[PDB]
Every structure is written in C-alpha cells, then in structure tokens.
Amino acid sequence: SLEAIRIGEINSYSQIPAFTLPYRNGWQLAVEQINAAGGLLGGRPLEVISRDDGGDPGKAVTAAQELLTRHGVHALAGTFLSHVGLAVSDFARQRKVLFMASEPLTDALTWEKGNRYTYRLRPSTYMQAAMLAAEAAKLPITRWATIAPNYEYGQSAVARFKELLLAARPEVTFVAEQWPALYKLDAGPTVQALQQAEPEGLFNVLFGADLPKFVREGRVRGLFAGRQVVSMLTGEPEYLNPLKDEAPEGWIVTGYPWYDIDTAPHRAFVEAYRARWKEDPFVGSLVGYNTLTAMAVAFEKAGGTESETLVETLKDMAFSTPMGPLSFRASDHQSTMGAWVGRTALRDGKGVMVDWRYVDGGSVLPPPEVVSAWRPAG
C-alpha cells in the first residue's frame, strides 16, 4: 500500500447544510476523479478526513489539532464562517501547516491577518463588495441603509461596500445600519428601523436562514417597494432556491447562474456532478470541487507533502477549473476566482439571475504591491 496524501477538512456540516452538503459532493467528486486518473506523486491516493466545526471557532481549532495529531494530515482545508476561518488560519500559522480556506470570505484572511500558511479560494468580502458597489454607483440615488449579520463577515462586507461606494460617489450617505446577530434576526423591528431612516437603496448581507425571514417581513411591511436592493450572495442557488416563488425580483446580487452558463468546461462539471449525485449543483459544489483540485495541483507541482515547499509552490500557481484557469496570487494568497453579478428575477416560479456577467477575481483586486503592504510584516 502506497501512503495516502491526507487533507484535513473542517466545515459547518451540522449548521449550514444548504451550502456544506453540496460542497462535500463537490470535493468528493474531485477526489474520486483524481484517484481514478492515477492519484498523485506516482500513484499515492488522495484522501480527505473531514470534521464538523459546529460553526464555532474553538471547535474548529480543536478539530484541526486532532486532524494533525491523530491523522497526520498534510494540509488543512475548508471552513465556512469568516471568524472560524480566521481561528483555523491563526492555528495553521502557529503549526506551520498549509491551510487552504475554501468558503470563508473576509479579506482579513488574505490582508490584515494574512500569513505565510493561509491561502483562500472564494472571492472575498472586498472583491464582491467592489462588484456590488460598482453597480450601486450607477444608480441615481444617494441614501443607503445596510443590514448584515453581526460578525466578521457582515462587518467586513458592509465596511468594504461603504468604502468603495463612497470612493465612487462621495455624495452618498449611509442613513441607517442594522446588525442582527447571525441566525437571530428579529425581522419586524429591524425592518421598521430601516424604513424609518427613509433610504433609497438597501445593501443586504443576510444569507442562509436569515434571508427568507428578511425577504418576507420586508415585503409584508413594504420595505422593498420603490427601493433598490443590492445583496451579497443572494443569487447563489443554496439561498435563492428555498424562497421558491417568493424570491425577490430586481435585486442586484452576486450569485451563481449555473443553469445558464453554457461554456464546455462548466457544463462538463454540471453533468459530471449530476451523474454522480443525481442532484443539481450549488455554488458550494463548485467551491468544493475547486478547493480539492487546487490542493491536488499543489501537491503534484510541489513533488511532495513537505509544508514549506507546498506553501512556496502555491505562489502564483495556476490550476484548471470548470471556469478556466485560476491562480493564487503570491502577494495576498487569494485565488482569482470571481463571481457572477446580475439581477434577480422569477422564471417559472423559481428565482434566477438575469442580465448577468462573470467578473474575474483579478479585475476587482488591488495590485500586488498594495496588498503585500497590508499583510503582517513578519
């Protein structure tokens, strides 16, 4: 038996299965394909040992330690919540082991709290806020209100949206901010506070379980009528689909219009996923698939599992995905994975995105010289 290459993956399987179950389907698909094609480094099988974090930073770090000390994993991967990602990243820094963050979005993972051992796949809060702020900047309104879950992710998303919109439109004013605790939205009073401030536009960061509550209560109380809504992640099917015919219309969102992407590599992924799982993909599926693909490429290009070489190998490293080649920047360890921007609509009683475009991640990233200086000096 040849020794496996082992990846320790940690995620919120118990807390946000809407994302994490299709995500696991995606990374498992990638692993199966890699092993069927001969494995890595002369035939070594790729193995993922996965753990639940309960959506908790402490539990995630305990899991990381167990993966290292009981299973001798060669790298860590995953997480969903931004503060959980930050905790696992700091642990990885201390232990000098690769951590490939998949889904946590805060730009703090690559910038303010960036480190040698941490790389991150998905487009960050900054990146998605840049996409959305550029759209908001074209609207002939000035009065904005924000609503976001009150933890690292929501805080970063709102801070970046405000910064980027104000830079484009110095006359914009932010007339209200609402900060429900994650998964604990008190919809009535929150909606009323937004209405009271008489905004023209709303910027929303609620996702998952919080989103339908906000959509429904906003509608009941007339919050959305005559207002523009700009909303991070709302076009991702894991959040949009459960709303069914109550999906919001005309919102400007980031999301994943997988049903309408016609390019061959993406269709190949959709069909391989459907054949394997008998389910449609969600954005989590693409995230899982890309994460394990990128990691497999890193091991293969490194020629081994040794941590320092592995980390060096990822600098400016390209990897093929269902959306074409992506790379990890040497400067901030951020992948060039982008997102899709467009408007929500109903199609046959289901939420979809229309008038959308793919925005490559590089196009909304500051230059390497700029981001390098935002990282810790040691």
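Note that residue numbering begins at 1 and tracks the sequence as displayed.
Here 334 to 342 and 34 to 42 are compared by their mean Cα B-factor, and 34 to 42 comes out higher. When the mean C-alpha temperature factors of 366 to 374 and 5 to 13 are read from the deposited coordinates, 366 to 374 comes out higher. Remark: of 160, 169, 244, 122, 244 shows the highest value [criterion: C-alpha B-factor in the PDB entry]. Based on the entry's C-alpha B-factors, the most elevated value among 180, 208, 199, 154 belongs to 208. Ranked by C-alpha B-factor against the other modelled residues of its chain, residue 328 falls in the middle third.
Per-chain ranking of the deposited C-alpha B factor places residue 173 in the middle third. Among the modelled residues of its chain, residue 226 has a C-alpha B-factor that falls in the highest third according to the deposited record. Per the deposited record, the Cα B-factor of residue 134 falls in the middle third when ranked against the other modelled residues of its chain.
Among the modelled residues of the chain, residue 302 sits in the highest third by CA temperature factor in this PDB entry.
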